[PDB]
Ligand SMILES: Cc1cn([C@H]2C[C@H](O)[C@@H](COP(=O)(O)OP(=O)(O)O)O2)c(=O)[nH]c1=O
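Form solved without this ligand, single chain, as structure tokens, below.
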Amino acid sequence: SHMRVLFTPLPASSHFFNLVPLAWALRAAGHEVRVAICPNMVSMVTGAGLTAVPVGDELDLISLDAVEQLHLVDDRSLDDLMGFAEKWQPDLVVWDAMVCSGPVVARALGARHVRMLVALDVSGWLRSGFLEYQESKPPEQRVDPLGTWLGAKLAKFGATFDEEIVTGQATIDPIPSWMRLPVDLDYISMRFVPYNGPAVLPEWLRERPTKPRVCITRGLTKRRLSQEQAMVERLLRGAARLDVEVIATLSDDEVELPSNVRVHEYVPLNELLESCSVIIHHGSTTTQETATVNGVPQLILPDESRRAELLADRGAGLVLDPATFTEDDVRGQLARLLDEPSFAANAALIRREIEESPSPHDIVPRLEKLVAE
């Protein structure tokens, strides 16, 4: 190997999946890559071909000082992580923007660390306001609740607070440039490469569809909880009203369905989207990014609002209000998305833009440079 690399994701499909191609990029380059995950998510990490380091107590993040657990910075988990990081001595920590696990350990060890976004850098942008506010107050007044909080976690291991602990020494950004919230940081642009969990191509997904194909879905994390409810029934019936094949992802639950609807518990999303003409979703980053990367016009029922808006602004999608929309709304917008050639044309442009930003493969030498400096 050359580097030892430790990822600290948030234990949630959507977050984890977003890091997988970068982690495989590093591994493909001969780096050793390990993923720290709570012990009950281990088989999600292992299901992506990555090596898991179980750390801390079981954590059902979906059901959830409880603030500490969600940021992975509770004694049990942090001490456990740090026990492993001390023996393994990684050179680089790539940490998911919503945990403080990774940067705390990194700074404690003197490792380099990089933040990865899954969504718009809301954190970064809030923190930007805060620092701007702070700068103009008198020195004696420059309080920093986050700073001093992280300072205490850091002291437990004999290290000090730094701004980097909040926003990383760099931030890898998989959302397209032109959506980026305006904040002054070292962003590394990275092409989104879809990973959606275990993917088997069933025979039927081998053929060109014979009728326009519409995918209706919501992010894997968003589906685990998850009256009322009737919104999906409305989307489904709304979309059925056109001469299209409708593929929908649902739990065991219902219902009697239009003859042109097909319901599955799971599909391989990226591979389905290659054959779809429209996707309808609730604005999870990964379903959105997977559609965008396949250049597939979107109907979004909402940072999801903002990402949905931004995408409509470039005419690649349309939005509907999750709390006021009617079957007929669904019908009409779907029709626009299918009939007006511009929508697909714009989506094709955004796709080409993305296809031209550096891949995970191209980010590896930048990370290597960062560790070697």
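Numbering starts at 1 and follows the sequence shown. The term rigid core refers to the maximal set of C-alpha atoms that superpose within 1.5 Å between the two forms.
- The segment from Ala152 to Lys153 is modelled without interruption, since every residue of the deposited sequence in that interval carries coordinates.
- Unmodelled stretch separating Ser226 from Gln227: 10 or more residues (count of deposited-sequence residues without coordinates).
- The stretch 129-137 shows the higher mean C-alpha B-factor when 129-137 is compared against 195-203 in the entry.
- The stretch with the higher mean CA B factor, choosing between 283-291 and 229-237, is 229-237.
- Taking only the listed residues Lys222, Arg112, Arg115, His264, the entry reports the highest CA temperature factor at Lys222.
- The top Cα temperature factor in the record, among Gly30, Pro341, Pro39, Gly47, falls on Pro341.
- Sort the modelled residues of the chain by CA B factor and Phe157 lands in the highest third.
- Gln69 sits in the highest third of its chain by CA B factor, as recorded in the PDB entry.
- When the modelled residues of the chain are ordered by their C-alpha B factor, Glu164 lands in the middle third.
- Split the chain's modelled residues into thirds by C-alpha temperature factor. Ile188 is in the lowest one.
- Remark: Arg331 belongs to the highest third of its chain, ranked by C-alpha B-factor as recorded.
Beyond what is shown, the protein has a form deposited with this ligand bound; the following relates to that form.
- Residues placing heavy atoms within 4.5 Å of this ligand in the entry with it bound fall in a single listed stretch, namely 214-222, out of 214-222, 291-299, 86-94, 139-147.
- Though the partner is left out of this view, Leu269 does reach within 4.5 Å of this ligand in the entry with it bound, counting heavy atoms only.
- Among heavy atoms of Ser14, some come within 4.5 Å of this ligand in the entry with it bound.
- In the entry with it bound, no heavy atom of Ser77 sits within 4.5 Å of this ligand.
- This ligand is not drawn, but in the entry with it bound it has no heavy atom within 4.5 Å of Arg107.
- Only one of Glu233, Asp186, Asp162, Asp253 comes within 4.5 Å of this ligand in the entry with it bound through a heavy atom, and that residue is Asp253.
- Along 178-200, residues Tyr195, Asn196 each place a heavy atom within 4.5 Å of this ligand in the entry with it bound.
- Among the candidates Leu220, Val261, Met82, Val293, the CA atom that moves 2 angstroms or more between the shown form and the other one after core superposition belongs to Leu220 alone.
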